[PDB]
Amino acid sequence: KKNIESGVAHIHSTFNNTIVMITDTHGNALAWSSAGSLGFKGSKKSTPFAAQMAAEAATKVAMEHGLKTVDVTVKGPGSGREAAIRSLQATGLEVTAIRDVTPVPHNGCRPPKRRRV
Amino acid sequence: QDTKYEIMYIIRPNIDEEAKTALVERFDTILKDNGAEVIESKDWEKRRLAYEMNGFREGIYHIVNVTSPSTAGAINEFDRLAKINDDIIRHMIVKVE
Amino acid sequence: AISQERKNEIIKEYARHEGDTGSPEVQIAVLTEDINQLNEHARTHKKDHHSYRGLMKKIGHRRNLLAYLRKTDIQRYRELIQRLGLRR
Amino acid sequence: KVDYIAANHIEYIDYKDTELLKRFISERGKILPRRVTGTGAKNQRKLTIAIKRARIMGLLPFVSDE
RNA sequence: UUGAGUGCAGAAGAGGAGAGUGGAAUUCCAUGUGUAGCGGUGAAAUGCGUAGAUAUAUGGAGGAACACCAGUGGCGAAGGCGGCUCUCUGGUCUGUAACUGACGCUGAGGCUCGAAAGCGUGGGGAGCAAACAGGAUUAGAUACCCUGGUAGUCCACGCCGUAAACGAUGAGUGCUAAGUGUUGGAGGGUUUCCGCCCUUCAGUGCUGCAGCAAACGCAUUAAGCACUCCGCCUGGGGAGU
């Protein structure tokens, strides 16, 4: 519990799912939330409709342990991070640092084949 | 003619005072002991680094000016002795124009 | 290649007379020392292909000059090949 | 009508003049092209090799997004 | 001495080989935090996860490739060459003229170089992925789709010698309107010239007279006017057998 009350949330998104986890300043974990974990199936996990309620189910368990301020970290650029932040503001947080760090190479390894569709 | 080879090598800030002069004078010996001719070998700047190396985010730079023909062997010997040490971190040898 | 020290050595201890820096007896000794040093480089580094083409060009041009001089005076040609150590 | 550094004759980049050299980088840690600064042709290559020397000795980090 | 070469003075440049080095990113391993899913599709499924996954911070291992600079930019005879530092070394351009004095060009036979894939011997595997396994689609799918996965891709030493190896335009030289960018120079007017303006050399694009062409088009980097030398063609298949 311990009422750490100042942490960083992490928004990780694909083209078919997203995951939000609110962590500490380490960031040691408090609570995660996943679009498949909230009952969705199939392709619907791409839309930001799951992002709002995933952010809500994260922040409830988060500020049961005491939470005031939060920072934003964005990975995997798609549709999820557009509405995850403004839904994350809605249940009472203090968003004050927004960054989009993407794991970007400098041409290290090879990407796979194209899709002949 | 000969060349001119700068050596701007990174010195640890957590050394003692005689360690600095002893190390600088020792590498001046090993440049002098194989025919190479140093001119102006002074300390440069205490400086914080842009990022660490092991934990050293701060350091003290240095500068020399040695002139020698290419036929000698101390310069690669200085490279071999510099890479096996620890108290010097990174050095670069650039021709002077 | 050669430095200008050995260059200016051999272009004047082998020149015909004053002011000779053409005079094809000079150019063949210049090319001779050049192709000896380049041959030693090719023995050291044995896949520097892009300088071996320059070896080919130099030896061909020295061959053209050497075959020129023999169609003017065979005595100078014999004196040089007994003097410069070539023509096997 | 575009910017340059050839008015003040910095004839050699000196490998150390990193306080003047801040003109030709960015926040994220990249290089402004010649379409941006309007500098010279060979001056661009000199500055390019210069700051690639400078990135190695802790005078500018590769990644600066913190 | 006008062609053709060495002077001396410079200049540019991912030209080549050899030796070291830098950070990011992926994969693996260790540690902490943290629970029910992760991953994938048009839609699903195979698959991995309570033997604690995915995710997030800390380190440790190893291989491969060099983010912006990057431009119809550069280099080389072509194939090709982009992180950084050093040793050997090839080639091109600009000035100038004392010096050689026609020494040139092309070049059947011969030799050398020559992308990937492939073969032999010895190393290493981070990704990627022929052959192959499984799931899916379909009337059927020995394919396209998804999950895995060896040889290979890398280095050293030998071999083979092919491509849509293309500008599908052989090489050397001379001559024949302009306009416009740009790479590297030299000269003059002017000048904190670093800009600018005029003159001129070598590349390198774009548009367009005459001229050529069956048309498309080309056009001082000719597919125009010509000379020198080499290679090749003579209906489609049969067959580069």
# chains A, B, ... in the order shown; residues from 1 in each chain; ligands from 1
>>> residues_around(residues="residue A:29", least_positions_apart="4", cutoff="7 Å", atoms="only C-alpha atoms (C1' of nucleotides)", output="PDB file with N, CA, C and O atoms (P, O5', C5', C4', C3', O3' and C1' of nucleotides), in the first residue's frame")
ATOM      1  N   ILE A  22       0.224   1.550 -14.483  1.00  0.00           N
ATOM      2  CA  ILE A  22       0.623   2.672 -13.644  1.00  0.00           C
ATOM      3  C   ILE A  22       1.659   2.169 -12.653  1.00  0.00           C
ATOM      4  O   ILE A  22       1.384   1.266 -11.853  1.00  0.00           O
ATOM      5  N   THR A  23       2.847   2.750 -12.711  1.00  0.00           N
ATOM      6  CA  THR A  23       3.984   2.309 -11.923  1.00  0.00           C
ATOM      7  C   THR A  23       4.409   3.408 -10.962  1.00  0.00           C
ATOM      8  O   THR A  23       3.774   4.458 -10.851  1.00  0.00           O
ATOM      9  N   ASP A  24       5.516   3.160 -10.283  1.00  0.00           N
ATOM     10  CA  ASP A  24       6.110   4.110  -9.362  1.00  0.00           C
ATOM     11  C   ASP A  24       7.132   4.950 -10.122  1.00  0.00           C
ATOM     12  O   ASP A  24       7.165   4.956 -11.354  1.00  0.00           O
TER      13      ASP A  24
ATOM     14  P     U E  33      10.112  -8.378  -5.149  1.00  0.00           P
ATOM     15  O5'   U E  33       9.148  -7.321  -5.848  1.00  0.00           O
ATOM     16  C5'   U E  33       9.036  -5.996  -5.348  1.00  0.00           C
ATOM     17  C4'   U E  33       8.373  -5.084  -6.345  1.00  0.00           C
ATOM     18  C3'   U E  33       7.002  -5.526  -6.807  1.00  0.00           C
ATOM     19  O3'   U E  33       5.985  -5.174  -5.891  1.00  0.00           O
ATOM     20  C1'   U E  33       8.299  -4.877  -8.679  1.00  0.00           C
ATOM     21  P     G E  34       4.923  -6.269  -5.399  1.00  0.00           P
ATOM     22  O5'   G E  34       3.947  -6.445  -6.644  1.00  0.00           O
ATOM     23  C5'   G E  34       3.322  -5.323  -7.250  1.00  0.00           C
ATOM     24  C4'   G E  34       2.948  -5.616  -8.679  1.00  0.00           C
ATOM     25  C3'   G E  34       1.970  -6.760  -8.864  1.00  0.00           C
ATOM     26  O3'   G E  34       0.633  -6.346  -8.682  1.00  0.00           O
ATOM     27  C1'   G E  34       3.778  -7.018 -10.363  1.00  0.00           C
ATOM     28  P     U E  56       7.878  -2.179 -21.332  1.00  0.00           P
ATOM     29  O5'   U E  56       8.182  -1.774 -19.826  1.00  0.00           O
ATOM     30  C5'   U E  56       7.510  -0.681 -19.226  1.00  0.00           C
ATOM     31  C4'   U E  56       7.898  -0.540 -17.782  1.00  0.00           C
ATOM     32  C3'   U E  56       9.375  -0.335 -17.521  1.00  0.00           C
ATOM     33  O3'   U E  56       9.755   1.018 -17.669  1.00  0.00           O
ATOM     34  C1'   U E  56       8.518  -1.980 -16.051  1.00  0.00           C
TER      35        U E  56
END
>>> residues_around(residues="residue B:63", least_positions_apart="5", cutoff="8 Å", atoms="only C-alpha atoms (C1' of nucleotides)", output="number ranges by chain")
B: 6-9, 40-44
>>> residues_around(residues="residue C:66", least_positions_apart="3", cutoff="12 Å", atoms="only C-alpha atoms (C1' of nucleotides)", output="PyMOL selection string")
(chain C and resi 23-29+31-32+59-63+69-74+76-78+80-81+84+86-87) or (chain E and resi 103)
>>> select_by_dssp(residues="stretch 55-116 of chain A", states="helix (DSSP H, G or I)", output="PyMOL selection string")
chain A and resi 55-64+80-88
>>> write_last_selection(atoms="N, CA, C and O atoms", output="mmCIF file, in the first residue's frame")
data_model
loop_
_atom_site.group_PDB
_atom_site.id
_atom_site.type_symbol
_atom_site.label_atom_id
_atom_site.label_comp_id
_atom_site.auth_asym_id
_atom_site.auth_seq_id
_atom_site.Cartn_x
_atom_site.Cartn_y
_atom_site.Cartn_z
ATOM 1 N N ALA A 55 -7.979 2.595 -18.754
ATOM 2 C CA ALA A 55 -7.424 3.627 -17.883
ATOM 3 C C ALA A 55 -8.219 3.751 -16.590
ATOM 4 O O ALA A 55 -7.638 3.963 -15.521
ATOM 5 N N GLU A 56 -9.540 3.593 -16.666
ATOM 6 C CA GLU A 56 -10.366 3.663 -15.465
ATOM 7 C C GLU A 56 -10.094 2.493 -14.523
ATOM 8 O O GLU A 56 -9.903 2.685 -13.311
ATOM 9 N N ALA A 57 -10.059 1.273 -15.069
ATOM 10 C CA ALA A 57 -9.771 0.102 -14.250
ATOM 11 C C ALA A 57 -8.333 0.080 -13.750
ATOM 12 O O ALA A 57 -8.041 -0.614 -12.772
ATOM 13 N N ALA A 58 -7.428 0.815 -14.394
ATOM 14 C CA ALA A 58 -6.102 0.997 -13.823
ATOM 15 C C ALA A 58 -6.130 1.975 -12.654
ATOM 16 O O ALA A 58 -5.624 1.664 -11.570
ATOM 17 N N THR A 59 -6.730 3.158 -12.858
ATOM 18 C CA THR A 59 -6.635 4.228 -11.865
ATOM 19 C C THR A 59 -7.397 3.923 -10.589
ATOM 20 O O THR A 59 -7.022 4.440 -9.532
ATOM 21 N N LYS A 60 -8.454 3.103 -10.660
ATOM 22 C CA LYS A 60 -9.166 2.723 -9.439
ATOM 23 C C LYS A 60 -8.258 1.946 -8.487
ATOM 24 O O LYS A 60 -8.076 2.337 -7.325
ATOM 25 N N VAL A 61 -7.628 0.883 -8.991
ATOM 26 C CA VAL A 61 -6.696 0.093 -8.195
ATOM 27 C C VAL A 61 -5.456 0.912 -7.853
ATOM 28 O O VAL A 61 -4.840 0.710 -6.800
ATOM 29 N N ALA A 62 -5.104 1.879 -8.704
ATOM 30 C CA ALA A 62 -3.950 2.730 -8.443
ATOM 31 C C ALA A 62 -4.170 3.612 -7.223
ATOM 32 O O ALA A 62 -3.413 3.543 -6.250
ATOM 33 N N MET A 63 -5.213 4.438 -7.245
ATOM 34 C CA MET A 63 -5.421 5.331 -6.114
ATOM 35 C C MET A 63 -6.191 4.689 -4.968
ATOM 36 O O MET A 63 -6.534 5.396 -4.018
ATOM 37 N N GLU A 64 -6.470 3.381 -5.012
ATOM 38 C CA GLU A 64 -6.698 2.702 -3.739
ATOM 39 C C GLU A 64 -5.420 2.637 -2.917
ATOM 40 O O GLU A 64 -5.474 2.639 -1.684
ATOM 41 N N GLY A 80 -4.048 3.925 -29.566
ATOM 42 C CA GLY A 80 -4.415 3.858 -28.161
ATOM 43 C C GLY A 80 -4.022 5.091 -27.374
ATOM 44 O O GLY A 80 -4.784 5.562 -26.526
ATOM 45 N N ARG A 81 -2.842 5.644 -27.652
ATOM 46 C CA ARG A 81 -2.313 6.724 -26.830
ATOM 47 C C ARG A 81 -2.985 8.061 -27.087
ATOM 48 O O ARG A 81 -2.728 9.011 -26.340
ATOM 49 N N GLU A 82 -3.809 8.164 -28.127
ATOM 50 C CA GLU A 82 -4.473 9.426 -28.420
ATOM 51 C C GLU A 82 -5.505 9.763 -27.355
ATOM 52 O O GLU A 82 -5.579 10.908 -26.894
ATOM 53 N N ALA A 83 -6.289 8.776 -26.933
ATOM 54 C CA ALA A 83 -7.359 8.987 -25.976
ATOM 55 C C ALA A 83 -7.071 8.395 -24.613
ATOM 56 O O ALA A 83 -7.893 8.547 -23.706
ATOM 57 N N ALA A 84 -5.944 7.710 -24.441
ATOM 58 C CA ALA A 84 -5.637 7.158 -23.131
ATOM 59 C C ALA A 84 -5.269 8.249 -22.140
ATOM 60 O O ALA A 84 -5.585 8.135 -20.954
ATOM 61 N N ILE A 85 -4.639 9.324 -22.613
ATOM 62 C CA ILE A 85 -4.197 10.386 -21.715
ATOM 63 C C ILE A 85 -5.384 11.202 -21.217
ATOM 64 O O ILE A 85 -5.510 11.477 -20.018
ATOM 65 N N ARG A 86 -6.268 11.605 -22.128
ATOM 66 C CA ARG A 86 -7.384 12.459 -21.748
ATOM 67 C C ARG A 86 -8.438 11.680 -20.973
ATOM 68 O O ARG A 86 -9.172 12.261 -20.167
ATOM 69 N N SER A 87 -8.498 10.364 -21.162
ATOM 70 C CA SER A 87 -9.272 9.528 -20.259
ATOM 71 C C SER A 87 -8.557 9.298 -18.943
ATOM 72 O O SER A 87 -9.209 9.024 -17.932
ATOM 73 N N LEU A 88 -7.229 9.387 -18.944
ATOM 74 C CA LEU A 88 -6.474 9.216 -17.713
ATOM 75 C C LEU A 88 -6.593 10.452 -16.835
ATOM 76 O O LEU A 88 -6.438 10.366 -15.614
#
>>> interface_residues(of="chain D", to="chain B", cutoff="12 Å", atoms="only C-alpha atoms", output="ChimeraX atom specification")
/D:11-16,49-50,53-64,66
>>> closest_residue(among="B:31, B:64, B:81, B:72", to="residue B:93", atoms="only C-alpha atoms")
B:64
>>> closest_atom_pairs(of="chain E", to="chain D", cutoff="12 Å", atoms="only C-alpha atoms (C1' of nucleotides)", output="JSON lines")
{"residue": "E:12", "atom": "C1'", "partner": "D:42", "partner_atom": "CA", "distance": 9.3}
{"residue": "E:13", "atom": "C1'", "partner": "D:42", "partner_atom": "CA", "distance": 11.0}
{"residue": "E:21", "atom": "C1'", "partner": "D:56", "partner_atom": "CA", "distance": 10.3}
{"residue": "E:22", "atom": "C1'", "partner": "D:56", "partner_atom": "CA", "distance": 6.4}
{"residue": "E:23", "atom": "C1'", "partner": "D:62", "partner_atom": "CA", "distance": 7.2}
{"residue": "E:24", "atom": "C1'", "partner": "D:63", "partner_atom": "CA", "distance": 8.1}
{"residue": "E:67", "atom": "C1'", "partner": "D:30", "partner_atom": "CA", "distance": 9.4}
{"residue": "E:68", "atom": "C1'", "partner": "D:30", "partner_atom": "CA", "distance": 5.1}
{"residue": "E:69", "atom": "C1'", "partner": "D:31", "partner_atom": "CA", "distance": 6.0}
{"residue": "E:70", "atom": "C1'", "partner": "D:33", "partner_atom": "CA", "distance": 8.8}
{"residue": "E:71", "atom": "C1'", "partner": "D:34", "partner_atom": "CA", "distance": 9.1}
{"residue": "E:73", "atom": "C1'", "partner": "D:41", "partner_atom": "CA", "distance": 9.7}
{"residue": "E:74", "atom": "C1'", "partner": "D:42", "partner_atom": "CA", "distance": 11.5}
{"residue": "E:83", "atom": "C1'", "partner": "D:52", "partner_atom": "CA", "distance": 8.4}
{"residue": "E:84", "atom": "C1'", "partner": "D:53", "partner_atom": "CA", "distance": 7.0}
{"residue": "E:85", "atom": "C1'", "partner": "D:53", "partner_atom": "CA", "distance": 9.5}
{"residue": "E:182", "atom": "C1'", "partner": "D:41", "partner_atom": "CA", "distance": 11.0}
{"residue": "E:183", "atom": "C1'", "partner": "D:41", "partner_atom": "CA", "distance": 9.0}
{"residue": "E:184", "atom": "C1'", "partner": "D:42", "partner_atom": "CA", "distance": 10.5}
{"residue": "E:192", "atom": "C1'", "partner": "D:7", "partner_atom": "CA", "distance": 8.2}
{"residue": "E:193", "atom": "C1'", "partner": "D:7", "partner_atom": "CA", "distance": 8.6}
{"residue": "E:194", "atom": "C1'", "partner": "D:7", "partner_atom": "CA", "distance": 4.2}
{"residue": "E:195", "atom": "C1'", "partner": "D:1", "partner_atom": "CA", "distance": 8.1}
{"residue": "E:196", "atom": "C1'", "partner": "D:1", "partner_atom": "CA", "distance": 10.9}
>>> write_last_selection(atoms="C-alpha atoms (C1' of nucleotides)", output="PDB file, in the first residue's frame")
ATOM      1  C1'   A E  12      38.587  17.823 -54.106  1.00  0.00           C
ATOM      2  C1'   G E  13      36.980  12.865 -52.989  1.00  0.00           C
ATOM      3  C1'   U E  21      37.337   1.608 -31.637  1.00  0.00           C
ATOM      4  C1'   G E  22      31.837   4.148 -30.512  1.00  0.00           C
ATOM      5  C1'   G E  23      26.677   4.335 -29.195  1.00  0.00           C
ATOM      6  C1'   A E  24      21.643   3.024 -30.124  1.00  0.00           C
ATOM      7  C1'   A E  67      19.455   6.684 -37.468  1.00  0.00           C
ATOM      8  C1'   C E  68      19.699  12.690 -39.027  1.00  0.00           C
ATOM      9  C1'   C E  69      24.121  14.571 -42.287  1.00  0.00           C
ATOM     10  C1'   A E  70      22.064  12.504 -47.748  1.00  0.00           C
ATOM     11  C1'   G E  71      21.547  16.211 -52.235  1.00  0.00           C
ATOM     12  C1'   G E  73      25.821  14.954 -54.339  1.00  0.00           C
ATOM     13  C1'   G E  74      30.978  12.350 -54.662  1.00  0.00           C
ATOM     14  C1'   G E  83      29.871   5.292 -38.030  1.00  0.00           C
ATOM     15  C1'   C E  84      34.823   6.982 -36.124  1.00  0.00           C
ATOM     16  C1'   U E  85      40.850   6.838 -35.480  1.00  0.00           C
ATOM     17  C1'   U E 182      24.549  22.362 -59.432  1.00  0.00           C
ATOM     18  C1'   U E 183      29.999  19.802 -57.897  1.00  0.00           C
ATOM     19  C1'   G E 184      35.399  21.296 -58.178  1.00  0.00           C
ATOM     20  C1'   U E 192      33.967  43.716 -43.391  1.00  0.00           C
ATOM     21  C1'   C E 193      33.092  39.508 -50.305  1.00  0.00           C
ATOM     22  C1'   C E 194      31.647  35.132 -46.721  1.00  0.00           C
ATOM     23  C1'   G E 195      28.108  37.244 -49.972  1.00  0.00           C
ATOM     24  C1'   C E 196      27.615  39.686 -55.402  1.00  0.00           C
TER      25        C E 196
END
>>> interface_residues(of="chain E", to="chain C", cutoff="8 Å", atoms="only C-alpha atoms (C1' of nucleotides)", output="list in words")
residues 6, 7, 15, 16, 17, 18, 88, 89, 90, 91, 98, 99, 100, 103 and 113 of chain E
>>> select_by_dssp(residues="chain A", states="strand (DSSP E or B)", output="NGL selection string")
:A and (5-13 or 18-23 or 29-34 or 67-75 or 94-100)
>>> residues_around(residues="residue E:65", least_positions_apart="2", cutoff="12 Å", atoms="only C-alpha atoms (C1' of nucleotides)", output="JSON, numbers by chain")
{"A": [105, 106, 107, 108, 109, 110], "E": [24, 25, 26, 63, 67, 83, 126, 127, 154]}
>>> atom_distance(atom1="atom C1' of residue E:107", atom2="atom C1' of residue E:173")
17.3 Å
>>> interface_residues(of="chain A", to="chain D", cutoff="10 Å", atoms="only C-alpha atoms", output="JSON, numbers by chain")
{"A": [99, 100, 101]}
>>> write_last_selection(atoms="N, CA, C and O atoms", output="mmCIF file, in the first residue's frame")
data_model
loop_
_atom_site.group_PDB
_atom_site.id
_atom_site.type_symbol
_atom_site.label_atom_id
_atom_site.label_comp_id
_atom_site.auth_asym_id
_atom_site.auth_seq_id
_atom_site.Cartn_x
_atom_site.Cartn_y
_atom_site.Cartn_z
ATOM 1 N N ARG A 99 5.784 12.052 -22.591
ATOM 2 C CA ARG A 99 6.886 11.693 -23.470
ATOM 3 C C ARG A 99 6.479 10.504 -24.326
ATOM 4 O O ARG A 99 5.674 9.669 -23.904
ATOM 5 N N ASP A 100 7.037 10.432 -25.529
ATOM 6 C CA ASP A 100 6.786 9.332 -26.454
ATOM 7 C C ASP A 100 8.144 8.765 -26.852
ATOM 8 O O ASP A 100 8.723 9.153 -27.868
ATOM 9 N N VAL A 101 8.642 7.836 -26.049
ATOM 10 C CA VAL A 101 9.873 7.128 -26.362
ATOM 11 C C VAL A 101 9.535 5.890 -27.185
ATOM 12 O O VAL A 101 8.721 5.052 -26.787
#
>>> residues_around(residues="residue E:157", least_positions_apart="6", cutoff="12 Å", atoms="only C-alpha atoms (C1' of nucleotides)", output="count of residues only")
3
